[PDB]
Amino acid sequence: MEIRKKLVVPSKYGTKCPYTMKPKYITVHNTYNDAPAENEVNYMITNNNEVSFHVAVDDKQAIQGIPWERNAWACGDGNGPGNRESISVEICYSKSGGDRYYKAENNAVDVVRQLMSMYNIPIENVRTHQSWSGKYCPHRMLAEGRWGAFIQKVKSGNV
């Protein structure tokens, strides 16, 4: 699926993505919200908080808000490898779940595979936010035991 562009303005880089980055990992998150990717991204690139992520994926589309080679503030590890070396993928509708959420997760498999090919990132480098800082994220995937199956789809699925 095509990843739509809806990037934050350069004048806000200092707040949303101040550093350049050489992607080495991909971090998967759950939004813990029930908003479409367009809403997640629009809010993220417009507010003034030092909080961001690279792409949001819902049941219908994938939207990029931060250049892949600039950092995002989403892993909670300060200037650690999560925030400074990983591209963050946000999966929408995880708050209430439902068909919309599982559709978004499966679309995220496709998004993650595109990023792996793009930056030559190995399957061992696809990580959970939890692995970087301890936060229970992706919450629904961890709660339902879906991470293992997700990794296998990313590793060799044809989507």
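Position 1 is the first residue in the sequence shown; the rest follow in order.
Checked against the record, the higher mean CA B factor of 33 to 41 and 127 to 135 lies with 33 to 41.
When the two stretches 24 to 32 and 43 to 51 are set side by side, the higher mean Cα temperature factor goes to 43 to 51. Annotation for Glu69: CA B-factor lies in the middle third of the chain's modelled residues.
The PDB entry assigns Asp99 a C-alpha temperature factor belonging to the highest third of its chain's modelled residues. Per the PDB record, residue ranking by Cα B-factor puts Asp58 in the middle third of the chain. In the PDB entry, a CA B factor belonging to the middle third of its chain's modelled residues is recorded for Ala149.
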